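**Q** Hey, dropping run-v8.txt in here, compact mmCIF, N, CA and C atoms:
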# COMPACT_ATOMS: atom_id res chain seq x y z
N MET T 1 70.52 94.26 103.61
CA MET T 1 71.33 93.28 102.87
C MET T 1 70.93 93.29 101.41
N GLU T 2 69.67 93.59 101.15
CA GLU T 2 69.15 93.52 99.80
C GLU T 2 69.81 94.49 98.82
N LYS T 3 70.40 95.57 99.33
CA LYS T 3 70.92 96.59 98.43
C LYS T 3 72.28 96.21 97.84
N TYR T 4 72.92 95.20 98.43
CA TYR T 4 74.27 94.83 98.05
C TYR T 4 74.31 93.95 96.82
N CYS T 5 75.39 94.03 96.08
CA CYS T 5 75.52 93.17 94.90
C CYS T 5 75.64 91.71 95.28
N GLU T 6 75.43 90.87 94.26
CA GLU T 6 75.51 89.43 94.48
C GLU T 6 76.81 88.99 95.15
N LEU T 7 77.94 89.52 94.72
CA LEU T 7 79.21 89.03 95.27
C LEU T 7 79.29 89.30 96.79
N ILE T 8 78.89 90.50 97.20
CA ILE T 8 78.89 90.76 98.66
C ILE T 8 77.91 89.85 99.39
N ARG T 9 76.73 89.65 98.84
CA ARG T 9 75.81 88.72 99.52
C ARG T 9 76.33 87.29 99.62
N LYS T 10 77.03 86.83 98.57
CA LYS T 10 77.62 85.52 98.59
C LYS T 10 78.70 85.39 99.62
N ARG T 11 79.59 86.37 99.64
CA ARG T 11 80.72 86.28 100.58
C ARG T 11 80.24 86.48 102.04
N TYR T 12 79.23 87.32 102.25
CA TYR T 12 78.58 87.42 103.57
C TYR T 12 78.08 86.07 104.04
N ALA T 13 77.35 85.37 103.14
CA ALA T 13 76.85 84.05 103.54
C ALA T 13 77.97 83.09 103.86
N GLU T 14 79.07 83.19 103.12
CA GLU T 14 80.20 82.29 103.36
C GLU T 14 80.95 82.58 104.67
N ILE T 15 81.10 83.86 105.05
CA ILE T 15 81.68 84.16 106.36
C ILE T 15 80.76 83.65 107.45
N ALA T 16 79.49 83.92 107.31
CA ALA T 16 78.56 83.47 108.32
C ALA T 16 78.50 81.96 108.48
N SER T 17 78.67 81.24 107.37
CA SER T 17 78.57 79.79 107.44
C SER T 17 79.88 79.08 107.81
N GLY T 18 80.98 79.82 107.81
CA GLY T 18 82.29 79.22 107.97
C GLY T 18 82.95 78.66 106.71
N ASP T 19 82.44 79.04 105.55
CA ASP T 19 83.16 78.73 104.31
C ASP T 19 84.31 79.71 104.13
N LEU T 20 84.19 80.88 104.77
CA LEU T 20 85.29 81.85 104.85
C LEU T 20 85.53 82.21 106.29
N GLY T 21 86.74 82.66 106.58
CA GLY T 21 87.05 83.18 107.89
C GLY T 21 86.51 84.59 108.11
N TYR T 22 86.55 84.99 109.38
CA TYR T 22 86.10 86.30 109.82
C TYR T 22 87.25 87.10 110.37
N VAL T 23 87.26 88.41 110.10
CA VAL T 23 88.29 89.31 110.63
C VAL T 23 87.68 90.20 111.69
N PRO T 24 88.02 89.95 112.97
CA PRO T 24 87.35 90.72 114.01
C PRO T 24 87.60 92.23 113.94
N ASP T 25 88.79 92.61 113.50
CA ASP T 25 89.06 94.04 113.31
C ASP T 25 88.48 94.48 111.98
N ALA T 26 87.17 94.62 111.98
CA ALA T 26 86.44 94.83 110.74
C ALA T 26 86.68 96.21 110.15
N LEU T 27 86.83 97.21 111.00
CA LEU T 27 87.13 98.54 110.53
C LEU T 27 88.53 98.56 109.96
N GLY T 28 89.47 97.89 110.63
CA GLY T 28 90.81 97.78 110.08
C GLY T 28 90.86 97.08 108.73
N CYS T 29 89.99 96.09 108.55
CA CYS T 29 89.95 95.35 107.32
C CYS T 29 89.47 96.26 106.19
N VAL T 30 88.40 97.01 106.45
CA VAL T 30 87.97 97.94 105.38
C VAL T 30 89.03 99.03 105.10
N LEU T 31 89.70 99.52 106.13
CA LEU T 31 90.71 100.55 105.88
C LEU T 31 91.89 100.00 105.08
N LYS T 32 92.28 98.75 105.35
CA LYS T 32 93.38 98.13 104.63
C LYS T 32 93.04 98.00 103.16
N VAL T 33 91.84 97.48 102.86
CA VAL T 33 91.49 97.35 101.45
C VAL T 33 91.34 98.71 100.75
N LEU T 34 90.70 99.67 101.42
CA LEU T 34 90.53 100.97 100.79
C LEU T 34 91.89 101.60 100.56
N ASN T 35 92.82 101.43 101.50
CA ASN T 35 94.16 101.98 101.33
C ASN T 35 94.87 101.33 100.18
N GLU T 36 94.75 100.01 100.04
CA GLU T 36 95.39 99.36 98.88
C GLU T 36 94.83 99.88 97.58
N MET T 37 93.51 100.08 97.52
CA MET T 37 92.96 100.55 96.26
C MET T 37 93.33 101.98 95.99
N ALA T 38 93.30 102.81 97.03
CA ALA T 38 93.64 104.23 96.87
C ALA T 38 95.05 104.42 96.31
N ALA T 39 95.92 103.48 96.63
CA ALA T 39 97.33 103.55 96.25
C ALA T 39 97.62 102.84 94.95
N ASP T 40 96.63 102.14 94.38
CA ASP T 40 96.82 101.23 93.23
C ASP T 40 96.80 101.98 91.90
N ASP T 41 97.98 102.24 91.34
CA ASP T 41 98.09 102.96 90.07
C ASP T 41 97.54 102.17 88.91
N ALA T 42 97.24 100.89 89.13
CA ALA T 42 96.63 100.13 88.07
C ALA T 42 95.13 100.47 87.97
N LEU T 43 94.57 101.03 89.04
CA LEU T 43 93.18 101.45 89.04
C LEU T 43 93.05 102.87 88.54
N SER T 44 91.91 103.21 87.95
CA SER T 44 91.71 104.58 87.45
C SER T 44 91.77 105.59 88.58
N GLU T 45 92.05 106.84 88.25
CA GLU T 45 92.13 107.86 89.28
C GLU T 45 90.76 108.02 89.95
N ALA T 46 89.66 107.88 89.20
CA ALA T 46 88.35 108.02 89.80
C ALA T 46 88.13 106.95 90.88
N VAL T 47 88.59 105.74 90.58
CA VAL T 47 88.42 104.63 91.53
C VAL T 47 89.29 104.86 92.78
N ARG T 48 90.54 105.25 92.57
CA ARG T 48 91.44 105.52 93.67
C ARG T 48 90.83 106.60 94.55
N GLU T 49 90.25 107.65 93.96
CA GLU T 49 89.70 108.77 94.71
C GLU T 49 88.49 108.35 95.52
N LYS T 50 87.63 107.55 94.92
CA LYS T 50 86.47 107.04 95.67
C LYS T 50 86.89 106.22 96.90
N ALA T 51 87.88 105.37 96.73
CA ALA T 51 88.38 104.58 97.83
C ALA T 51 89.01 105.50 98.88
N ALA T 52 89.81 106.46 98.41
CA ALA T 52 90.49 107.34 99.34
C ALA T 52 89.55 108.16 100.16
N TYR T 53 88.52 108.71 99.52
CA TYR T 53 87.60 109.54 100.23
C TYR T 53 86.88 108.73 101.32
N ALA T 54 86.42 107.52 100.98
CA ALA T 54 85.70 106.73 101.98
C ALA T 54 86.57 106.40 103.15
N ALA T 55 87.84 106.08 102.90
CA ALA T 55 88.77 105.82 103.98
C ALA T 55 89.06 107.04 104.84
N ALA T 56 89.36 108.14 104.17
CA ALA T 56 89.63 109.37 104.89
C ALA T 56 88.47 109.81 105.76
N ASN T 57 87.26 109.72 105.22
CA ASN T 57 86.07 110.08 105.93
C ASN T 57 85.87 109.17 107.15
N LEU T 58 86.14 107.88 106.98
CA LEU T 58 86.06 107.00 108.15
C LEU T 58 87.08 107.35 109.22
N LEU T 59 88.31 107.65 108.80
CA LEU T 59 89.35 108.02 109.76
C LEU T 59 89.00 109.28 110.52
N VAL T 60 88.43 110.26 109.84
CA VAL T 60 88.16 111.51 110.52
C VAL T 60 86.90 111.36 111.39
N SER T 61 86.04 110.39 111.07
CA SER T 61 84.88 110.10 111.91
C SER T 61 85.29 109.59 113.26
N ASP T 62 84.33 109.54 114.18
CA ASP T 62 84.63 109.00 115.50
C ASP T 62 84.49 107.46 115.60
N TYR T 63 84.25 106.78 114.47
CA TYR T 63 84.24 105.32 114.50
C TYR T 63 85.63 104.72 114.70
N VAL T 64 86.67 105.50 114.38
CA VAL T 64 88.05 105.06 114.47
C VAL T 64 88.89 106.14 115.15
N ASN T 65 89.83 105.70 115.98
CA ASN T 65 90.89 106.57 116.48
C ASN T 65 91.99 106.49 115.45
N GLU T 66 92.04 107.49 114.59
CA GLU T 66 92.82 107.33 113.38
C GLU T 66 94.33 107.28 113.63
N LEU T 67 94.77 107.77 114.80
CA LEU T 67 96.19 107.71 115.12
C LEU T 67 96.61 106.36 115.65
N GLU T 68 95.69 105.58 116.17
CA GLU T 68 96.15 104.48 117.00
C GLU T 68 95.36 103.23 116.80
N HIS T 69 94.46 103.21 115.83
CA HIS T 69 93.77 101.98 115.47
C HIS T 69 94.77 100.83 115.17
N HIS T 70 95.87 101.17 114.49
CA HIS T 70 96.86 100.22 113.98
C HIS T 70 97.93 100.92 113.13
N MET U 1 97.88 107.11 111.32
CA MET U 1 97.72 107.88 110.06
C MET U 1 98.91 107.63 109.16
N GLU U 2 100.04 107.37 109.77
CA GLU U 2 101.27 107.22 109.01
C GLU U 2 101.26 106.05 108.02
N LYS U 3 100.42 105.04 108.25
CA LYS U 3 100.50 103.85 107.39
C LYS U 3 99.74 104.03 106.09
N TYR U 4 98.94 105.08 106.01
CA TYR U 4 98.07 105.30 104.84
C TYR U 4 98.84 105.93 103.68
N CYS U 5 98.38 105.67 102.48
CA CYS U 5 99.02 106.26 101.32
C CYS U 5 98.82 107.76 101.28
N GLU U 6 99.65 108.40 100.46
CA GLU U 6 99.55 109.85 100.33
C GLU U 6 98.14 110.33 99.99
N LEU U 7 97.45 109.66 99.08
CA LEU U 7 96.13 110.17 98.68
C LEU U 7 95.14 110.19 99.87
N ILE U 8 95.16 109.12 100.65
CA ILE U 8 94.28 109.11 101.84
C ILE U 8 94.67 110.20 102.82
N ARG U 9 95.97 110.39 103.05
CA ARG U 9 96.36 111.48 103.96
C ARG U 9 95.98 112.86 103.47
N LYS U 10 96.06 113.08 102.16
CA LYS U 10 95.66 114.34 101.58
C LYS U 10 94.18 114.59 101.73
N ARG U 11 93.39 113.57 101.41
CA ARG U 11 91.93 113.75 101.47
C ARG U 11 91.44 113.86 102.93
N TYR U 12 92.10 113.12 103.84
CA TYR U 12 91.82 113.31 105.27
C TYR U 12 92.03 114.76 105.68
N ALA U 13 93.20 115.32 105.29
CA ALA U 13 93.45 116.72 105.67
C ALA U 13 92.42 117.66 105.07
N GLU U 14 91.97 117.36 103.86
CA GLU U 14 90.97 118.21 103.24
C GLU U 14 89.58 118.12 103.89
N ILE U 15 89.16 116.93 104.32
CA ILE U 15 87.89 116.84 105.06
C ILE U 15 88.01 117.60 106.36
N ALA U 16 89.11 117.39 107.04
CA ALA U 16 89.30 118.05 108.32
C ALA U 16 89.33 119.58 108.20
N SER U 17 89.89 120.08 107.10
CA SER U 17 90.01 121.54 106.92
C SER U 17 88.80 122.21 106.33
N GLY U 18 87.86 121.43 105.81
CA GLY U 18 86.75 121.98 105.06
C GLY U 18 87.01 122.24 103.58
N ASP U 19 88.09 121.69 103.03
CA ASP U 19 88.24 121.72 101.57
C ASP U 19 87.34 120.66 100.92
N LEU U 20 87.00 119.62 101.70
CA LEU U 20 86.00 118.62 101.29
C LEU U 20 84.94 118.52 102.35
N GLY U 21 83.77 118.03 101.95
CA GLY U 21 82.71 117.75 102.88
C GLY U 21 82.93 116.45 103.65
N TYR U 22 82.12 116.29 104.69
CA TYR U 22 82.16 115.13 105.56
C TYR U 22 80.86 114.37 105.48
N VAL U 23 80.93 113.05 105.50
CA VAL U 23 79.72 112.20 105.46
C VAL U 23 79.52 111.55 106.82
N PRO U 24 78.50 112.02 107.57
CA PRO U 24 78.40 111.47 108.92
C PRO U 24 78.16 109.97 108.98
N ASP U 25 77.42 109.45 108.00
CA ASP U 25 77.25 107.99 107.96
C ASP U 25 78.48 107.35 107.36
N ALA U 26 79.55 107.31 108.14
CA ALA U 26 80.85 106.90 107.63
C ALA U 26 80.90 105.42 107.30
N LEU U 27 80.21 104.59 108.08
CA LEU U 27 80.16 103.17 107.77
C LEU U 27 79.35 102.97 106.49
N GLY U 28 78.24 103.70 106.33
CA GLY U 28 77.48 103.64 105.10
C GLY U 28 78.30 104.05 103.88
N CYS U 29 79.18 105.05 104.06
CA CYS U 29 80.00 105.54 102.99
C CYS U 29 81.01 104.48 102.54
N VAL U 30 81.67 103.87 103.51
CA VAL U 30 82.58 102.78 103.09
C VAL U 30 81.82 101.58 102.45
N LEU U 31 80.63 101.27 102.95
CA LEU U 31 79.90 100.16 102.36
C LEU U 31 79.45 100.48 100.93
N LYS U 32 79.06 101.71 100.68
CA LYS U 32 78.62 102.12 99.34
C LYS U 32 79.77 101.97 98.36
N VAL U 33 80.95 102.50 98.72
CA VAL U 33 82.08 102.41 97.81
C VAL U 33 82.53 100.96 97.60
N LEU U 34 82.59 100.17 98.68
CA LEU U 34 83.01 98.80 98.53
C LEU U 34 82.02 98.04 97.67
N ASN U 35 80.74 98.34 97.83
CA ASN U 35 79.74 97.68 97.00
C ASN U 35 79.86 98.05 95.55
N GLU U 36 80.11 99.33 95.28
CA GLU U 36 80.33 99.74 93.88
C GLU U 36 81.52 99.03 93.28
N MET U 37 82.61 98.93 94.04
CA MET U 37 83.77 98.24 93.49
C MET U 37 83.54 96.75 93.30
N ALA U 38 82.90 96.12 94.27
CA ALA U 38 82.65 94.68 94.20
C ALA U 38 81.83 94.31 92.97
N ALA U 39 80.97 95.24 92.55
CA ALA U 39 80.05 95.02 91.42
C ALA U 39 80.64 95.46 90.08
N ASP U 40 81.82 96.07 90.09
CA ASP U 40 82.39 96.72 88.89
C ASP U 40 83.14 95.74 88.00
N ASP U 41 82.49 95.31 86.91
CA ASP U 41 83.10 94.37 85.98
C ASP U 41 84.27 94.97 85.26
N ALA U 42 84.44 96.28 85.38
CA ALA U 42 85.58 96.92 84.77
C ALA U 42 86.83 96.70 85.63
N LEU U 43 86.63 96.33 86.89
CA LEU U 43 87.74 96.01 87.78
C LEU U 43 88.06 94.53 87.72
N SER U 44 89.31 94.17 88.00
CA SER U 44 89.72 92.76 88.00
C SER U 44 88.92 91.96 89.02
N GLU U 45 88.83 90.65 88.82
CA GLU U 45 88.08 89.83 89.76
C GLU U 45 88.78 89.88 91.13
N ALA U 46 90.12 89.94 91.16
CA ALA U 46 90.82 90.00 92.44
C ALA U 46 90.44 91.26 93.23
N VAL U 47 90.32 92.38 92.52
CA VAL U 47 89.97 93.65 93.17
C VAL U 47 88.51 93.59 93.68
N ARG U 48 87.61 93.07 92.85
CA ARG U 48 86.22 92.94 93.25
C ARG U 48 86.12 92.08 94.50
N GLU U 49 86.87 90.98 94.55
CA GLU U 49 86.81 90.08 95.68
C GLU U 49 87.33 90.70 96.96
N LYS U 50 88.44 91.44 96.86
CA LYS U 50 88.98 92.14 98.04
C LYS U 50 87.96 93.17 98.60
N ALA U 51 87.31 93.91 97.73
CA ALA U 51 86.27 94.84 98.15
C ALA U 51 85.08 94.10 98.76
N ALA U 52 84.66 93.01 98.10
CA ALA U 52 83.49 92.29 98.58
C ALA U 52 83.73 91.69 99.93
N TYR U 53 84.90 91.10 100.12
CA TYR U 53 85.18 90.45 101.37
C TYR U 53 85.16 91.50 102.51
N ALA U 54 85.81 92.65 102.28
CA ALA U 54 85.86 93.63 103.37
C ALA U 54 84.48 94.14 103.73
N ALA U 55 83.64 94.33 102.71
CA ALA U 55 82.27 94.74 102.97
C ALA U 55 81.45 93.67 103.69
N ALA U 56 81.53 92.45 103.19
CA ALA U 56 80.82 91.36 103.82
C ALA U 56 81.21 91.16 105.27
N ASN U 57 82.51 91.24 105.53
CA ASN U 57 83.03 91.10 106.86
C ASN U 57 82.52 92.22 107.79
N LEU U 58 82.46 93.43 107.26
CA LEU U 58 81.92 94.53 108.06
C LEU U 58 80.44 94.31 108.37
N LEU U 59 79.68 93.84 107.37
CA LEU U 59 78.25 93.59 107.57
C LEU U 59 77.98 92.51 108.60
N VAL U 60 78.78 91.46 108.59
CA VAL U 60 78.54 90.39 109.54
C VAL U 60 79.05 90.77 110.94
N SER U 61 80.01 91.70 111.01
CA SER U 61 80.47 92.21 112.29
C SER U 61 79.36 92.93 113.03
N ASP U 62 79.58 93.22 114.31
CA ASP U 62 78.58 93.98 115.05
C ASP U 62 78.73 95.51 114.93
N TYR U 63 79.65 95.98 114.06
CA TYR U 63 79.72 97.41 113.82
C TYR U 63 78.52 97.96 113.04
N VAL U 64 77.81 97.09 112.32
CA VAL U 64 76.69 97.47 111.49
C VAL U 64 75.55 96.48 111.73
N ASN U 65 74.33 96.99 111.75
CA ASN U 65 73.14 96.16 111.67
C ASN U 65 72.87 95.98 110.21
N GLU U 66 73.30 94.85 109.66
CA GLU U 66 73.37 94.72 108.22
C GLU U 66 72.00 94.72 107.54
N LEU U 67 70.93 94.45 108.30
CA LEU U 67 69.59 94.47 107.70
C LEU U 67 69.01 95.85 107.65
N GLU U 68 69.53 96.73 108.50
CA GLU U 68 68.75 97.91 108.87
C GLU U 68 69.58 99.15 108.87
N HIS U 69 70.86 99.01 108.56
CA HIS U 69 71.71 100.18 108.35
C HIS U 69 71.06 100.96 107.21
N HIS U 70 71.38 102.25 107.08
CA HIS U 70 70.78 103.13 106.08
C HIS U 70 69.27 103.27 106.29
Let me see whether you can do it: turn the structure in this file into structure tokens.
**A**
Amino acid sequence: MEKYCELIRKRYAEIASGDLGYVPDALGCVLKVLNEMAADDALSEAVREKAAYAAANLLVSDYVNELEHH
Amino acid sequence: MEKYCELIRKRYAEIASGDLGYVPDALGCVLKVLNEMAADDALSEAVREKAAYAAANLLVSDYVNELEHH
């Protein structure tokens, strides 16, 4: 937990405490956000690429059934 | 796979084909990128928050041992 920036640590504490809700489909949640960023022309190409690669790598991994997760 | 943007589908095909490398720690890879974005003052606060929330949610989920991953 220590390696994460302040904002992630804050929001982690808030999900855990019930100040924020929790999304049980946690892999789906990360894929949704990474997909939005990858597609966001308002973001730099470097940022879009970083998001895209992490998403693609997760899909090709065995953590997700990339055809049928959602 | 169909719901993802073109960039993610392209990079997925490239990891799968060997035009790009693969990162076996796929959950670590998504957490690293989300953490970089969450901390990036060059990105809008809305974008930072979307990245932070998805990362925090993944950490609190049981997909990752958030203290001891990596």
**Q** I'd like the superposed copy of chain U - fitted to chain T by least squares over all paired Cα atoms - as a short mmCIF file (atom, residue, chain, number, x, y, z; two decimals) with N, CA and C atoms, keeping the file's coordinate frame.
**A**
data_model
loop_
_atom_site.label_atom_id
_atom_site.label_comp_id
_atom_site.auth_asym_id
_atom_site.auth_seq_id
_atom_site.Cartn_x
_atom_site.Cartn_y
_atom_site.Cartn_z
N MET U 1 70.54 94.26 103.65
CA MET U 1 71.36 93.28 102.90
C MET U 1 70.95 93.29 101.44
N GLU U 2 69.69 93.58 101.21
CA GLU U 2 69.15 93.51 99.86
C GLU U 2 69.81 94.48 98.87
N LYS U 3 70.42 95.57 99.36
CA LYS U 3 70.93 96.57 98.42
C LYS U 3 72.29 96.20 97.87
N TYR U 4 72.92 95.21 98.47
CA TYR U 4 74.30 94.83 98.10
C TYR U 4 74.32 93.95 96.85
N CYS U 5 75.41 94.02 96.13
CA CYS U 5 75.54 93.19 94.95
C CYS U 5 75.64 91.72 95.31
N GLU U 6 75.42 90.89 94.29
CA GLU U 6 75.49 89.45 94.52
C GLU U 6 76.80 89.00 95.16
N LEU U 7 77.93 89.54 94.73
CA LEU U 7 79.20 89.04 95.28
C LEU U 7 79.30 89.30 96.81
N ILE U 8 78.89 90.50 97.21
CA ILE U 8 78.90 90.78 98.66
C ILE U 8 77.94 89.86 99.41
N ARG U 9 76.75 89.64 98.86
CA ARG U 9 75.83 88.71 99.55
C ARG U 9 76.35 87.29 99.64
N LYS U 10 77.04 86.83 98.60
CA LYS U 10 77.63 85.51 98.61
C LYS U 10 78.72 85.39 99.65
N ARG U 11 79.61 86.38 99.67
CA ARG U 11 80.74 86.30 100.61
C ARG U 11 80.27 86.49 102.07
N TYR U 12 79.25 87.35 102.26
CA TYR U 12 78.62 87.44 103.59
C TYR U 12 78.13 86.08 104.05
N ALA U 13 77.38 85.39 103.16
CA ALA U 13 76.87 84.07 103.57
C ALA U 13 78.00 83.10 103.88
N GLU U 14 79.09 83.20 103.13
CA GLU U 14 80.21 82.31 103.39
C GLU U 14 80.96 82.61 104.70
N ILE U 15 81.11 83.88 105.07
CA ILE U 15 81.71 84.18 106.38
C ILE U 15 80.80 83.67 107.47
N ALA U 16 79.53 83.93 107.33
CA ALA U 16 78.58 83.51 108.34
C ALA U 16 78.54 81.98 108.51
N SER U 17 78.71 81.25 107.41
CA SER U 17 78.63 79.78 107.47
C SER U 17 79.91 79.09 107.84
N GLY U 18 81.02 79.82 107.83
CA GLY U 18 82.33 79.21 108.00
C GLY U 18 82.97 78.67 106.73
N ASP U 19 82.45 79.04 105.56
CA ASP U 19 83.19 78.73 104.32
C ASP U 19 84.36 79.71 104.14
N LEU U 20 84.24 80.89 104.77
CA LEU U 20 85.34 81.86 104.85
C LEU U 20 85.58 82.22 106.29
N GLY U 21 86.79 82.70 106.57
CA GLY U 21 87.12 83.21 107.87
C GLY U 21 86.56 84.61 108.11
N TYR U 22 86.62 85.01 109.37
CA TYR U 22 86.14 86.31 109.82
C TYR U 22 87.28 87.12 110.38
N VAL U 23 87.29 88.41 110.11
CA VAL U 23 88.34 89.31 110.64
C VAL U 23 87.74 90.21 111.70
N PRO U 24 88.10 89.95 112.98
CA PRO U 24 87.42 90.75 114.00
C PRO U 24 87.66 92.24 113.91
N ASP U 25 88.87 92.62 113.48
CA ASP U 25 89.11 94.06 113.28
C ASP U 25 88.51 94.50 111.97
N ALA U 26 87.19 94.61 111.95
CA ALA U 26 86.47 94.84 110.70
C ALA U 26 86.71 96.23 110.14
N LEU U 27 86.85 97.23 111.01
CA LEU U 27 87.16 98.57 110.53
C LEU U 27 88.58 98.58 109.96
N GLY U 28 89.52 97.90 110.62
CA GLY U 28 90.86 97.78 110.09
C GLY U 28 90.89 97.11 108.72
N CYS U 29 90.02 96.11 108.53
CA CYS U 29 89.96 95.38 107.30
C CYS U 29 89.47 96.27 106.15
N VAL U 30 88.40 97.01 106.42
CA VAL U 30 87.98 97.94 105.35
C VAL U 30 89.04 99.05 105.07
N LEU U 31 89.72 99.52 106.11
CA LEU U 31 90.73 100.55 105.86
C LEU U 31 91.91 100.00 105.06
N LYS U 32 92.30 98.77 105.32
CA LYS U 32 93.42 98.15 104.60
C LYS U 32 93.07 98.04 103.12
N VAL U 33 91.88 97.52 102.81
CA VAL U 33 91.51 97.37 101.41
C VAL U 33 91.35 98.73 100.72
N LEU U 34 90.71 99.69 101.39
CA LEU U 34 90.54 100.99 100.77
C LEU U 34 91.89 101.63 100.53
N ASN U 35 92.82 101.45 101.47
CA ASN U 35 94.15 102.01 101.28
C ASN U 35 94.88 101.37 100.13
N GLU U 36 94.76 100.05 100.01
CA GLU U 36 95.38 99.38 98.85
C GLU U 36 94.82 99.89 97.55
N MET U 37 93.50 100.06 97.49
CA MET U 37 92.92 100.56 96.25
C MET U 37 93.31 102.00 95.96
N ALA U 38 93.29 102.84 96.98
CA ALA U 38 93.62 104.26 96.81
C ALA U 38 95.03 104.44 96.25
N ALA U 39 95.91 103.51 96.60
CA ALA U 39 97.33 103.57 96.21
C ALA U 39 97.62 102.86 94.88
N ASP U 40 96.62 102.19 94.31
CA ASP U 40 96.83 101.30 93.15
C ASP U 40 96.81 102.05 91.83
N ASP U 41 98.00 102.31 91.27
CA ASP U 41 98.10 103.02 90.01
C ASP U 41 97.55 102.23 88.86
N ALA U 42 97.26 100.96 89.10
CA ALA U 42 96.66 100.15 88.07
C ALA U 42 95.16 100.44 87.97
N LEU U 43 94.61 101.05 89.01
CA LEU U 43 93.21 101.46 89.00
C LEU U 43 93.07 102.88 88.50
N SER U 44 91.92 103.21 87.92
CA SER U 44 91.67 104.56 87.42
C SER U 44 91.76 105.58 88.54
N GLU U 45 92.03 106.84 88.20
CA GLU U 45 92.13 107.86 89.23
C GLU U 45 90.76 108.02 89.90
N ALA U 46 89.66 107.88 89.15
CA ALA U 46 88.34 108.02 89.76
C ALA U 46 88.10 106.95 90.84
N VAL U 47 88.55 105.73 90.56
CA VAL U 47 88.38 104.62 91.51
C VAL U 47 89.26 104.87 92.76
N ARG U 48 90.51 105.28 92.53
CA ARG U 48 91.40 105.57 93.64
C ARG U 48 90.80 106.65 94.53
N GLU U 49 90.23 107.69 93.92
CA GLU U 49 89.66 108.78 94.68
C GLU U 49 88.46 108.38 95.50
N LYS U 50 87.58 107.56 94.91
CA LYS U 50 86.41 107.06 95.65
C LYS U 50 86.84 106.21 96.88
N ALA U 51 87.83 105.37 96.71
CA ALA U 51 88.37 104.60 97.83
C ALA U 51 89.02 105.51 98.87
N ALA U 52 89.81 106.48 98.39
CA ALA U 52 90.51 107.35 99.33
C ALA U 52 89.56 108.17 100.14
N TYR U 53 88.54 108.71 99.49
CA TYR U 53 87.62 109.56 100.19
C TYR U 53 86.90 108.74 101.30
N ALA U 54 86.44 107.53 100.95
CA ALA U 54 85.71 106.77 101.96
C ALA U 54 86.58 106.42 103.15
N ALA U 55 87.84 106.10 102.87
CA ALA U 55 88.77 105.83 103.95
C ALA U 55 89.07 107.06 104.81
N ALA U 56 89.38 108.16 104.14
CA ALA U 56 89.64 109.39 104.85
C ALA U 56 88.49 109.83 105.73
N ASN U 57 87.28 109.72 105.19
CA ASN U 57 86.09 110.07 105.90
C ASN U 57 85.89 109.17 107.14
N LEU U 58 86.18 107.89 106.98
CA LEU U 58 86.08 106.99 108.13
C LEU U 58 87.10 107.35 109.21
N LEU U 59 88.33 107.68 108.78
CA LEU U 59 89.38 108.05 109.73
C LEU U 59 89.06 109.32 110.50
N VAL U 60 88.48 110.29 109.83
CA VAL U 60 88.18 111.53 110.52
C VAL U 60 86.92 111.39 111.39
N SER U 61 86.05 110.43 111.06
CA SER U 61 84.90 110.13 111.89
C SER U 61 85.32 109.63 113.26
N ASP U 62 84.37 109.57 114.19
CA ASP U 62 84.70 109.02 115.50
C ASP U 62 84.56 107.49 115.60
N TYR U 63 84.30 106.81 114.46
CA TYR U 63 84.30 105.36 114.50
C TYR U 63 85.69 104.75 114.69
N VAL U 64 86.74 105.51 114.38
CA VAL U 64 88.11 105.06 114.45
C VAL U 64 88.95 106.15 115.13
N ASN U 65 89.89 105.72 115.95
CA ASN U 65 90.95 106.60 116.43
C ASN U 65 92.03 106.52 115.41
N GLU U 66 92.08 107.50 114.51
CA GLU U 66 92.87 107.36 113.31
C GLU U 66 94.38 107.32 113.58
N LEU U 67 94.81 107.79 114.76
CA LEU U 67 96.24 107.75 115.08
C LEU U 67 96.66 106.42 115.63
N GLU U 68 95.69 105.68 116.16
CA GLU U 68 96.03 104.64 117.13
C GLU U 68 95.29 103.37 116.87
N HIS U 69 94.45 103.37 115.85
CA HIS U 69 93.82 102.13 115.40
C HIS U 69 94.96 101.20 115.03
N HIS U 70 94.71 99.89 114.97
CA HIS U 70 95.73 98.88 114.70
C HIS U 70 96.81 98.88 115.78
#
**Q** T:1, T:20, T:30, T:8: which is nearest residue 67 in chain U, counting only N, CA and C atoms?
**A**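 Smallest separation from residue 67 in chain U among the options: T:1.
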**Q** With a cut-off of 8 Å and counting only C-alpha atoms, select all residues of chain T in contact with chain U and give the selection as number ranges by chain.
**A** T: 1-2, 4-9, 11-12, 15-16, 22-24, 26-27, 29-30, 33-35, 38-39, 43, 49-61, 63, 66-68
**Q** Specify the axis-aligned box that encloses all atoms of range 15-20 of chain U listed in the file after padding of 6 Å on each side, stating its centre and edge lengths in Å to one decimal as JSON.
**A**
{"center_x": 87.5, "center_y": 119.5, "center_z": 104.6, "size_x": 17.1, "size_y": 17.4, "size_z": 19.4}
**Q** Using Å and a single decimal, report how far CA of residue 41 in chain U sits from atom C of residue 46 in chain T.
**A** 14.4 Å
**Q** Quick one: distance from atom C of residue 64 in chain T to atom N of residue 18 in chain T in Å, one decimal?
**A**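 A separation of 28.4 Å between them.
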